[PDB]
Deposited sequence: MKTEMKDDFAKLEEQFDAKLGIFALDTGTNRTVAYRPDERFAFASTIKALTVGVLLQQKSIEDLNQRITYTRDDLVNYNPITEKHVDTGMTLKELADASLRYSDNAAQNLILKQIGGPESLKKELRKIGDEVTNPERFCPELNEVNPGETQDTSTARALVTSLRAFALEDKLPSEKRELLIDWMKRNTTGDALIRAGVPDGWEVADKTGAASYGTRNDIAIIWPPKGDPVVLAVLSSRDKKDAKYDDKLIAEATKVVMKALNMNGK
């Protein structure tokens, strides 16, 4: 099988789940195996934020300090002086994977415990938010992990089904469509011209993730999660694994 070949080729473990929402055909490989979700959780966090707040309430200015800056703060490091609105924080979190922005958003929705509660409410019993900035340690722990199947199901719930009213659904989808961080991942494995909404993640042990909604020109979208990890803490990743895995998925569905 082509997925086993890629694990071999890239010295990594792959978790794959894809759902064609038109046919209900699926493509699965280790679909229920846990991986650190890393920044992919930002998408679900905004889904919860959008459930909590009116669109107008997203204009609430959030102030923060240099103390709130963490490992990677591409947008938030530029606005300590003014703060940023919740809307601008959601834009930073989703389109740049600004870690500080995610932290600020999580703080506003009541932290990981509160995020976990709201995910459970949409039917997600697997995803396990435990900490702000989900933190190295060891593989095996279920804290800050999910599965390809659960991330697909939760992303679909927010973005395409009924967990958000349509105007808020529109905001989430648009931010994800205009992601700047996933050019070499799922987007690189999809046919040209086909619109993609995605959120990437990356983490130690060579963890490299992308979750996405992919629209054919015409017809119902596919929802895909491609998760990966490696056995060494210091191992880096290769984006090409995710792109190639996506090509395998598209071939199996198309």
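Sequence ranges 1-6, 141-142, 263-266 have no coordinates in this entry (deposited sequence, numbered from 1, C-alpha basis).
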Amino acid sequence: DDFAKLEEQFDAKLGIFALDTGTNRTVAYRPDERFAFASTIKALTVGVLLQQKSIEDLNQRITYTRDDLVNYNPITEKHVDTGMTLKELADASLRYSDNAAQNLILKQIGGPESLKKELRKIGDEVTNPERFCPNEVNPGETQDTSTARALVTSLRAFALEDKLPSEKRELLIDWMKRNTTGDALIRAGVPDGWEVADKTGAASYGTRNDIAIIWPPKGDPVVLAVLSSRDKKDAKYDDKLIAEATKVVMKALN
From here on, numbers count along this sequence of modelled residues.
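Of the two stretches examined, 122-130 and 166-174, the record assigns the greater average C-alpha temperature factor to 122-130.
Judged by mean Cα B factor in the deposited record, 55-63 ranks above the other of 55-63 and 40-48.
When the C-alpha B-factors of 181, 146, 82, 103 are read from the PDB record, the largest value belongs to 82. Based on the entry's C-alpha B-factors, the most elevated value among 109, 157, 89, 151 belongs to 109.
In the deposited entry, the Cα temperature factor of residue 76 places it in the lowest third of its chain's modelled residues. Ranked within its chain, residue 189 lands in the middle third, by CA B factor from the PDB record. Among the modelled residues of its chain, residue 200 has a C-alpha B-factor that falls in the lowest third, as given in the PDB entry. Sort the chain's modelled residues by C-alpha temperature factor and residue 33 lands in the middle third, per the entry. The deposited CA B-factor of residue 241 belongs to the lowest third of values across its chain.
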